[PDB]
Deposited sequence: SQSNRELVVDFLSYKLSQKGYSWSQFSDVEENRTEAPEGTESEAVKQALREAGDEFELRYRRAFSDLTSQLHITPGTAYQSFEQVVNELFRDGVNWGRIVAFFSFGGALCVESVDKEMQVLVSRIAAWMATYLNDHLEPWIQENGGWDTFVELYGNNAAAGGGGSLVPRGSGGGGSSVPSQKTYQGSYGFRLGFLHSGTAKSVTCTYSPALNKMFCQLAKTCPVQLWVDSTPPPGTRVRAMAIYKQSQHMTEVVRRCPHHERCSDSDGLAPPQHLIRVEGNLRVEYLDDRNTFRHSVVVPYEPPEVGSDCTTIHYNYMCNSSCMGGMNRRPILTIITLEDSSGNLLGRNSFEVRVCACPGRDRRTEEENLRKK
């Protein structure tokens, strides 16, 4: 009732420290200045369903200032990822955690960080359901894509402002887990050696693009990380978004490759000189029956 005020203060500050308002969604001011940041992005995966109470585990790791601050950045990151609703909860959680854990003490390696940038860069997805005949479906609640191997994956790009000609769109994959984040993601020997090649993609790259001769693939010479890039094109006549068709050419369960380890995909928006304009990411599971797998994860939620 007053402890809530201290949190909501800290957040509402951090809200207004950016271009955001509480309603849209002293020692107080001492903390407003006082405030391993990769923890906040990497180790957590904030998501409507996710962070159900994985927040508690994260804060248990660890200061009380860094706690109040931590929750501020979550809310920033929440609104960044278009997951504004969570700011409501993060405060509700933050209020509870203090009371339970901290209150007694008081009674006495590519970045996956989201940036919308100048152009207001967002990812859209078709809303395709979970019927067993779906090849490709996205869980907003899990911020997770479910698709079959070598099947079409529409990923929409959305922009506030049209970025100039020579802008490019690059996809890269990394492991969601910290213990695997340094290992480069690549295909498994079987799929690697398969008469499936489009004539363009390296045999070894997980992510391909479909129906685009202007595509281009990269093995970074210093990090050995695989990438695929295409030229950005503004929406076609009628549409309000750009649609790229990706393929995942190896399953999540494949031994010799991902070996049942979950991945993130990182879509970055670049200029011709390769300066970064924006970044967005989502989880991927490549499975046999995406519709079923999606439902099963979501059915587990509250």
item	value
Gaps in the model (deposited sequence, numbered from 1)	1, 27-43, 54-62, 90-97, 144-177, 372-373
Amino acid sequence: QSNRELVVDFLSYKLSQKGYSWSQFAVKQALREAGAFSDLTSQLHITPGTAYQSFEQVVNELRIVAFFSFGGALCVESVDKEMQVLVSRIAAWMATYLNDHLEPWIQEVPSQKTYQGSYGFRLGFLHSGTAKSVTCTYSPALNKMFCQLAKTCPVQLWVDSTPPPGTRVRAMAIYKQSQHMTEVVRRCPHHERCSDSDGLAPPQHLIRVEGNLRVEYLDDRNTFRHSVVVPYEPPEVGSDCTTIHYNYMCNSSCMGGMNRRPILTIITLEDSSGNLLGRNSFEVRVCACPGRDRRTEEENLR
From here on, numbers count along this sequence of modelled residues.
property	result
Given 271-279 and 230-238, the range whose Cα B-factors average higher in the PDB entry	230-238
Between the two ranges 84-92 and 139-147, the one averaging a larger CA B factor in the entry	84-92
Selection by C-alpha B-factor (highest) of 175, 217, 224, 105	105
265, 251, 69, 247, ranked by C-alpha B-factor: the highest one	69
Ranked against its chain, the third holding the CA B-factor of residue 100	highest
Cα B factor band for residue 15 (lowest, middle or highest third within the chain)	highest
